[PDB]
């Protein structure tokens, strides 16, 4: 808990009693920080049948939703079944880590 990354890792890992609401609020903050052009660039570094391309595209779709409306996207994420939400968070965190390391 405390800090976007701490909250999201904790939610995925089922520690620190993170509520669904808190995780989705932190996700919105992370998506705001991510740049979809950066991710499209990472995506295009991949070979044509890399499984990563599909993943990159889902995270691009989250960023685009969040950009149009933060609060609506928080509500949307909160409606995903918890297992679906955690995979969403993991893929987004993974892309955040890649960009951070290579900056």
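Positions refer to the first chain, counted from 1.
A.B. asks: Higher mean Cα B-factor in the deposited model: 45 to 53 or 62 to 70?
C.D. replies: Going by the record's values, the stretch with the higher mean is 45 to 53.
A.B. asks: Where do the C-alpha atoms have the higher mean temperature factor in this entry, in 73 to 81 or in 32 to 40?
C.D. replies: 32 to 40 has the higher mean C-alpha B-factor.
A.B. asks: Relative to the other modelled residues of the same chain, rank the CA B-factor of residue 15 and answer lowest, middle or highest third.
C.D. replies: Middle third by C-alpha B-factor.
A.B. asks: Grab the CA temperature factor for residue 25 from the record and place it in the lowest, middle or highest third of its chain.
C.D. replies: It belongs to the middle third of the chain when residues are ordered by C-alpha B-factor.
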